[PDB]
Each structure stands twice: as structure tokens, then as C-alpha cells.
Amino acid sequence: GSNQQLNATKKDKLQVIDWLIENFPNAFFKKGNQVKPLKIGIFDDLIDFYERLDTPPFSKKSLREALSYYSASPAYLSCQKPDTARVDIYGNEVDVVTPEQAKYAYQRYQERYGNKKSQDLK
């Protein structure tokens, strides 16, 4: 019967994401395979908790830049599923990713994990 905490591993880039994931446990995911879409602008909501630290190490820039990598993960994009009802840091239910904006994730997937190109008009 004791308290527990699990921050840091290796990469500081993943550490900031892993830290925020443990800070607000109402909705987050460590493994990319089970990750899901989050509330719009959730980083702006979450960064508030980084300002609570007595000695904030990796500034807001690194935190967002690293979180950008998780939203760019293959699984996240490959799992584009609209009409899902995301959640915020407080755990409140939010609106959904629309069908056009959700499918758009495929471009981001092929951009780095593929080799396809657009066309031009006749």
C-alpha cells in the first residue's frame, strides 16, 4: 500500500510526452499502437500543468515539438477514425474528428512512411 510514479526512460523527446501522460491520467496513451485522437489544442490546455513545476526543465517549445512527434506517429495516422468523441485533460467529452479531417492523416503517413505524389490539372 504505497504511492508510485514513473517518469523518464531514455529520449528527452519521449520523456516530456511520457510525463504529461502520467500527469493527466483521464485520457492519454503511452504505446503508439493504442494512441487515440485528443481534444483540439490540448497541448495549450496541458502546458498549464508544466507551469506548475518548481523547476520546469524542457521549456514549452520542446514539450510541443515532442508532442508533435506523437501526433505524427504511424499508428495514430494509420488509425484515422472520425466520429470518435475525443476527451480533454480533465477527462470531459469533446466533439469528434470530422470524416474529411480524419482521412487527411493519410497524407502525413505517406509523406514520411511512403513515396506517392500529387498530380496537376489537364
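For every chain, the first residue of the written sequence is numbered 1, i.e. counting runs from 1 onward, and this need not coincide with the entry's numbering; residues without coordinates are not included. Just so you know, side-chain values use all the structure's heavy atoms and leave hydrogens and water out.

Structure determination for this PDB entry was carried out by solution NMR, as recorded in the header.

### Examining the side chain of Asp 18
Worth spelling out the cut-off: Segments assigned H or I by DSSP are reported as helices when at least four residues long, segments assigned E as strands when at least two residues long, and all are numbered from the N terminus. Here's how the labels work: a residue is buried when its accessible area is under 20% of the maximum for its type, exposed when over 50%, partly exposed in between, all with a 1.4 Å probe on protein chains only. When charges are counted, neither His nor the chain ends are considered; positive counts come from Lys and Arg and negative counts from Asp and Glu. By convention in these notes, a salt bridge is any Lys or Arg side-chain nitrogen within 4 Å of a carboxyl oxygen on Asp or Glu. Any two residues whose heavy atoms approach within 4.5 Å at even a single point are treated as in contact.
Along the chain, the position of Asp 18 falls in helix α1 (residues 12-23). Buried and unpaired, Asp 18 has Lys 30 as its nearest opposite-charge partner, separated by 5.8 Å. Residues contacting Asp 18, with those up to four places away along its chain left out, are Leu 6, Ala 8 and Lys 30.

### Here we look at the packing of aromatic side chains
Each aromatic ring pair is characterised by the separation of its centres together with the angle its planes make. Test applied: In this scheme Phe, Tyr and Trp rings, the latter by its six-membered ring, pair at centre separations within 6.5 Å, and the angle between planes marks the pair as stacked below 30 degrees, edge-to-face above 60, and tilted otherwise.
Taken as a whole and judged by the stated rule, the model has 3 aromatic pairs. Measuring from centroid to centroid gives 6.1 Å for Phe 24 and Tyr 90, while their planes differ by 40 degrees, and the two rings are tilted. Taken together, the positions of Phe 24 in the loop between α1 and α2 (42-50) and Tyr 90 in the loop between α4 (74-78) and α5 (99-103) put the pair 66 residues apart, joining distant regions of the chain. Residues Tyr 109 and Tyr 113 carry aromatic rings whose centres are separated by 5.2 Å and whose planes lie at 70 degrees to one another, so their mutual orientation is edge-to-face. Taken together, the residues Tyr 109 and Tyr 113, both in helix α6 (residues 105-113) and 4 residues apart, mark about one turn of the helix. Of the residues examined, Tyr 113 reaches a relative accessible area of 43% and is grouped as partly exposed. The structure contains a cluster of three or more aromatic residues connected by ring pairs, namely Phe 24, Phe 49 and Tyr 90.

### Details of α1
For clarity, the threshold we go by: By definition here, a helix of n residues has an expected span of 1.5 Å times n minus one.
A rise of 1.5 Å per residue sets the reference length of α1, with its 12 residues, at 16 Å; its end C-alpha atoms lie 16 Å apart and thus fit the reference within 8%. Those residues of α1 lying buried are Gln 15, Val 16, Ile 17, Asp 18, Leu 20 and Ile 21. If you follow the buried residues of α1, they end up packed against α2 and α3 (60-71).

### Section: the environment of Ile 40
Inspection of the secondary structure assignment puts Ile 40 in the loop between α1 and α2. Looking at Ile 40, the relative accessible area reads 67%, which means it is exposed. Sequence-wise, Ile 40 and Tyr 69 are 29 residues apart; in three dimensions their C-alpha atoms are separated by 16 Å.

### Regarding α2
Put simply, the rule reads: Along the arc lie the directions from the helix axis toward the C-beta atoms.
Taken together, the buried positions of α2 are occupied by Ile 42, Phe 43, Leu 46, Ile 47 and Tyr 50. Here the buried residues of α2 occupy an arc of 125 degrees about the axis, which is enough to place them on one side. Elements in contact with the buried residues of α2: α1 and α3.

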